[PDB]
Structures are given as structure tokens and as C-alpha cells.
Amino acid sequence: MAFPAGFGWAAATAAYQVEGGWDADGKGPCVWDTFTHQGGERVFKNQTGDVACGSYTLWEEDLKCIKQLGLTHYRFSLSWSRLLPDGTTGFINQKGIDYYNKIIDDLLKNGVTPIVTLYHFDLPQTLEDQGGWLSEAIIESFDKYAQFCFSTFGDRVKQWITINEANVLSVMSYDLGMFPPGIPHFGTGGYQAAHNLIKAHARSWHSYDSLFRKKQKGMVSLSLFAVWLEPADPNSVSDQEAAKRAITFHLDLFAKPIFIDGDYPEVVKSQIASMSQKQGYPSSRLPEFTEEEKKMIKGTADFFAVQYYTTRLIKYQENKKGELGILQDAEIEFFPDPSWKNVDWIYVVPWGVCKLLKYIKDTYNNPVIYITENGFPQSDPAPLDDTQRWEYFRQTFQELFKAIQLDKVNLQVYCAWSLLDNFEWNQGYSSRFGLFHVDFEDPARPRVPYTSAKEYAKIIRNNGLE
């Protein structure tokens, strides 16, 4: 199983998940500083990313790991609140700039291509206080942050992810309120956040395109979380239609405007508009794009960035009682197959990635695809000789090879989540996604390879499978 010559083999991190130094060198607080510091059992064991992997202090150790793997690409994020303590360029933290420039220069020294995420679930607290993604102000704030990053780092960085998993963010932060700012707004806040996230991304694309592309010659997208979805009863038409609609709701809601025509999917507009009217709203809970907005949003991604972990079965569930929520809007329920293995929400369904890649190819005009996250967690106690987890990886790489060979999908980069065991949001350190083990009790935060690391290094070196 030889992969294409020049295939990208990568690993990913995120600033809040690995950096620590949450208040080092004049860094401003982000929403995760505030949220984890509040405690109240919203995070496993009231854990924080105050130190995490200590990557702000221990970049040289991360680089060792990257070199050991022989990665061709390394994905990481820029901390907005580290670079710009108040969110704006009124005050620039030079030690922040120096830090990321050291990552970039080191990677390039070593032939490793950076894939850089501007914003990864971690708003500066100041900007959240001014409304976050629920308010229009955020669009210009984000656009200006993006231009600052393009300006500062774009002479060396050519592959950008503006926003990590805008779909997960919308839902977790603003609808369910499981992420900061932590207030539930079922059926309402998610759609408002999504609307501003889409606009902000499109604006940053146009800024790149107008101001930076000619000289810098890079490409810009945003990453979208994708769960592959199958009908619960494969013969049921309503289930078949419900699985399709569930894909449309969680993935195409974002990807259609940006890649296709600047507007939401029609089934999304019609389902939400209908429930909204029955609920006594004078306007749909899904904000509309203006005609000018549709034109600005359409075609604002240079490649398709997808993050795949798992699959679910979908059953149609009529919203008889007119209940308020995204699931109720889509009129679906989801659940695993009893046969599937899992750690946390990650049910091991490798063929899901093949189905997804074919879907993306069919739906989004055969685009260039980067898988900017894929991986598997272990629970404590996590064995260093993680032979069962490596087997999940092996099967996943077989599905990628099939998608390339059989389905002719233009998959160019695969990025493993994660380089390091890290702070897995609400799960804290209890979910270990790393190729490298990290001891969080040890003040030196030593990195030690899992078996997966050794095995991944072989895949990369051979550019393919046994």
C-alpha cells in the first residue's frame, strides 16, 4: 500500500491544549483560563491548562518528537490572547511573536511544513466580554487578528486554518454551553455563533486573497468536524433521509456557504424556519445571509479541511411537541452500533473515514482534502505499548488508501491528533490522544513515545502500509 509520492504525514496540537504559560510574559487571559479557573466540576477533576504539556517552555522537546516521527507537516495553533493580550493590535506581546517564529523557523530548518490554526476554541476573554461570537463586533476583531498573523508569519507559513471546528465551537460554546462562556441557549445560540463564524472566516479569506496571496502564495481554509452518519435501519427511507439530513445539519451548514454558494442548505433553512414559526418567533432562529453576504461568503476556501474521529447511526425522530433544540430542528436522534468499540465518544469505525472522503469529493467538486485531525484516545491507566490503539490506526490508514486508490479522493495531508497527550477540554487529562505520552505529575512534563509513535514513524518512512 504505497501512498502518493509527496503525501503529507503530520501531527496536530492546539495552543490551550499544550502550551501552559497561561499568564507568562504578559499573555492575556483566554476564555479557557477563566472557565477552568472557575472550577465547579465542568472539567474532569477541576483540571486546567495552566501548565498542560508546558509547550510554551518546552518547544525544543516538541521539536524532538516531531523529528523522531519524521513528519512532513506539523499542525499547531496561535494563541490570540498570547499575541494580543486584549485581542487588538493596540498592544503586541513580542515574546508571543518570538515564540511562534521560533516554532516556524525550527520547523523549516528541518524541512517540516507548518499548518497553522489562527483560532482554536480560545477567544481572548476581553472579546468574549464584548459578546464573543454572538455579536457582530467579532467579525472585524477576527479579520484584523488574521491580517496581523498573515503579516507577521505569512512570509514562512503557506497553509492556514482560520478557525478550528467552527461547527463544534458553535454548538459546544453557544448552544449547549458546555465550553466557555458556559451558558445554555438551546436552539438559538448555536445558529447565531455559526452565522458570525462563517462571516468572519469569509472576511479573513478575502483579506488574505486581496492583501497577502500575491506575495505569499499560500492557501486558507477552516476545519470542520465530521461524523460519518448511517441510517439505523438501512432499509428505512425516513432513516436514510434522516442520516443524510444529519450530515447536512452538522457539516454542510458550514461547508455549503463557503465552498458552494454562500447560503445555508435548503433543508436547514426550511426545517428551522418551520419550527421557529410554530414556536411563536417572528423570524427564524437561523439568521439569514443578505444577498451581498452570500456573494462575499461564496468560494472562501482553498482546500477542504476535515477532522474525523467517529461514526453514528441516525434514526428519524419527529419533533411532535415542537421542542427547542438543534436535534429537534433536524428531527433526528443518534446512537452507536452495539458492536463498535469505544473510548469516550470515540467509537472505532475506520470505514467511516472512507465514506466521508467520498462524500466530500462528491459534494464539494473533488477538492484538495487535508484531514487536519484524526486519532484515538486512551484512558488511564494508558499502556505505553498501545498495540490495540495502533491497530485502530492501521485500519484507518487502510481506509485512507482505499479512498485514494478506489475512490480517487484528493487527500494530500493526514494529520494525527495528537503529537502529545494534552488537555482534552472538559475531559481534562483523562483522555490521552497523544502519540507521545506526557507525565502531568512531573514538573518537567517529559515526553515518551507510545508504540503508535514508533509504528507511525514506520508508515511515514515507508510512505505506506504493509
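Throughout, we count residues from 1 along the sequence that is shown.
For the pair 445-453 and 14-22, the record assigns the higher mean C-alpha temperature factor to 445-453. When the C-alpha B-factors of 62-70 and 400-408 are averaged, 400-408 comes out higher.
Ranking 218, 234, 124, 90 by the C-alpha B-factor listed in the PDB entry places 234 at the top. Highest CA B-factor among the listed residues (208, 174, 390, 80): 390.
Residue 141: CA B factor lies in the lowest third for its chain, per the PDB record. Among all modelled residues in this chain, the alpha-carbon of residue 329 has a temperature factor (C-alpha) in the highest third. Sort the modelled residues of the chain by CA B factor and residue 414 lands in the lowest third.
For residue 286, the recorded CA temperature factor ranks within the middle third of the chain's modelled residues. In the PDB entry, a CA B factor belonging to the lowest third of its chain's modelled residues is recorded for residue 422.
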